[PDB]
Structure formats: structure tokens, C-alpha cells
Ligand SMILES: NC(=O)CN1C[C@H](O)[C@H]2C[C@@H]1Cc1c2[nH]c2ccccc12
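Single chain ahead, written as C-alpha cells, the form solved without the ligand.
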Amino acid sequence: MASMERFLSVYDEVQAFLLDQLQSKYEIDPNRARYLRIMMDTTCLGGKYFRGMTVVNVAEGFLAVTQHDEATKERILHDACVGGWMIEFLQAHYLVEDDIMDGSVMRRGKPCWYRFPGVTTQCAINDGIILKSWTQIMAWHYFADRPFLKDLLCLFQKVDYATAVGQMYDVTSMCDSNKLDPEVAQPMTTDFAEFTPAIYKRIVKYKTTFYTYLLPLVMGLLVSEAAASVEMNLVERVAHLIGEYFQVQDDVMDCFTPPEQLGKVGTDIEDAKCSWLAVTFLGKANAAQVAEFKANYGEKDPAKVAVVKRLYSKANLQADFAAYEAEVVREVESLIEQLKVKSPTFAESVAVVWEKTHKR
């Protein structure tokens, strides 16, 4: 049976389970169950399922080299699918809440959940809460008797937290650290001294790479009972590295990919985000160019946004991107090689993850 169809079948299964449990144990009525069904579908479906599918892909790699009864292979694949949906639901939680936090308008070519007429922010914040609560309901139900349950829940928990930390780094990335203070309204940085590669790296590592790369890979290992086939430090390193590249690409697209293709109108410049474009620009600009950057970044005025974009064009950031890209290929390929020592199979799964990222 093909992996994607198995994965989508399991969504329907897990959906039915969660809604049936709301009726039998939580006293839900049909109309509220309907609203939650539609919330779940709208917030969890329609992407590429790259995160969940990585759990399945890793488990399939192991199945191909490990002896098991057929019923065990099915169990492992079902577990990978459930684990994959936990990640997808974790993402949906973060996307719902982030869109509210950021006043985002669209995502993937549709309105952000909170903007649905019959949702509103008052409901949507809570809907996002439910989303993450469902990850745990899934885990406890499907993995109740599993040897890996503890390690799975502990990892999930750590990833969730790292992600929330990352969110905090992101949202505060345009303020001067020395000025953070709950009592005082936060000015945007005037010097941009904290737009550095190391600071950027910190934001990305926490905000995206743990839930997007580290969690799918490690979850695949846990449901396969294969965590002793790998050097966990290598898995972290390669996860963090591919995750960074993925975020740089997202940053480039924010600015340069036409909105109908992006799925949204990118506002990193108006939001004064610490983007790869801004850090790399500030890494290579002269005095005049910096000054011009400072006079125009982080302002809604389209004229000012256009100055910033011109600055990035003229600064020939494509060349820095290509050099960064070349470095990431060396390092990712080196890490893949190191992974081959203890597991060629897992190395290959990582190689796949990298190809899908590198040319997407």
C-alpha cells in the first residue's frame, strides 16, 4: 500500500476517533463536532505533509532491512502515520497561533483560520490550543502500550518548547535586547546590531528546525525502535543544518516570489524581520547603503519597501545565496557520510529529506 494514501487514511481514522471521543466522553453536540471537524480539516490539510511523511519514510527505510511479521510491519507503519499526524497537528497549532500573533492575512492561498467569518480570534486562539491537545490525545490512545511512549512524549514536549522559545526569538528579533521590558513599549532597533548570522541562526534553529526536521527524523527512529542505530548528535546536527537552509529559502521567497505563487503577500520587510536577506545585505553593504536600509526597513509605506527590495537586487545577494548553498551541500553531504557508519539506511532517509528540501 502506497505511503501517502496510508497516511491520509490514517488522518480519517484519527479524526473519527477524536470526534467520537468528544461525543462519548466530552458531551459534545453534533454542531460543535462539526465545527471542530471543519477546523481540523482546514488547519491540518492541504500542505505537502512533508513533516508527517518523513516519519513514515524513515520507518519504511527500516522495514526494508529489518525482519518482522507482516502484522508488525503494519503496526509500525500505522504508528509512523499517527506520529506523523502528531507533528502535522503541532504545526497546525503553531500556524494558527502565529497567524493571529502576526496579523497574517493569508496562508497557502486561503484566509488564515482566525479570519474565517464564523471563527474570529476569540475562537481561533482556543482552536489552536485544541490542535496541540489533540497531539497528546492521539499519543496516549494509539501508543498506550508502546515501549517508545515515554521517549516519544518527552521528545515531543522538548520540541514543542524549543518551538515556543523560537517563536519568542522571532517576535523579538527587531528589538534591541538590552531594551526588552514588559513595562515599556518596544521600539524597533535603529542600529541593527543584532542582525548577525549567529542571531539569525538562533531564531531559525528553535523556531523551525526542531519541529520541521529533528522531530520527524527522531520520531521515525522511535516508532522503528531504531534510536541505537544512530549517533543522535549527528541527527541533531544534520537536522539543524537542513532546517536552516530551508528557512533561508523561505526568507528569499518572502521577498522575491510572486504572491499567487507564495500563497500570501510577504511582509518581512514591513515587519522588520531578521531575514537572511537583511543579515546578508548588512554583511556586505557600504555606509551609504546601510544608511538607506535603515531609513526604509520596517515601514508599511510601499515606496519604502520598494527601496529595500532595490537595495537587495543591487547588492547581488544571489551570489551570497549560491555560496551559502554550496557550503550547506558540503556540510550536509559530510554529515550523511558520517551517518552511514552506524546506519546506511537512515543515511539514505536523510539524503531524501535533503533532496526534497534542496530542490523544492
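In case it trips you up, residue 1 is the first one in the sequence shown, and so on.
Beyond what is shown, the protein has a form solved in complex with the ligand; the following relates to that form.
In the entry with it bound, the ligand lies within 4.5 Å of some heavy atom of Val171. Although the partner is absent from this view, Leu149 stays clear of the ligand in the entry with it bound, with no non-hydrogen atom inside 4.5 angstroms. Among heavy atoms of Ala272, some come within 4.5 Å of the ligand in the entry with it bound. The ligand is not shown here, and in the entry with it bound it never comes within 4.5 Å of any heavy atom of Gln136. Contacts between stretch 186 to 216 and the ligand, counted in the entry with it bound as any heavy atom lying within 4.5 Å, involve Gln186, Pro187, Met188, listed in sequence order.
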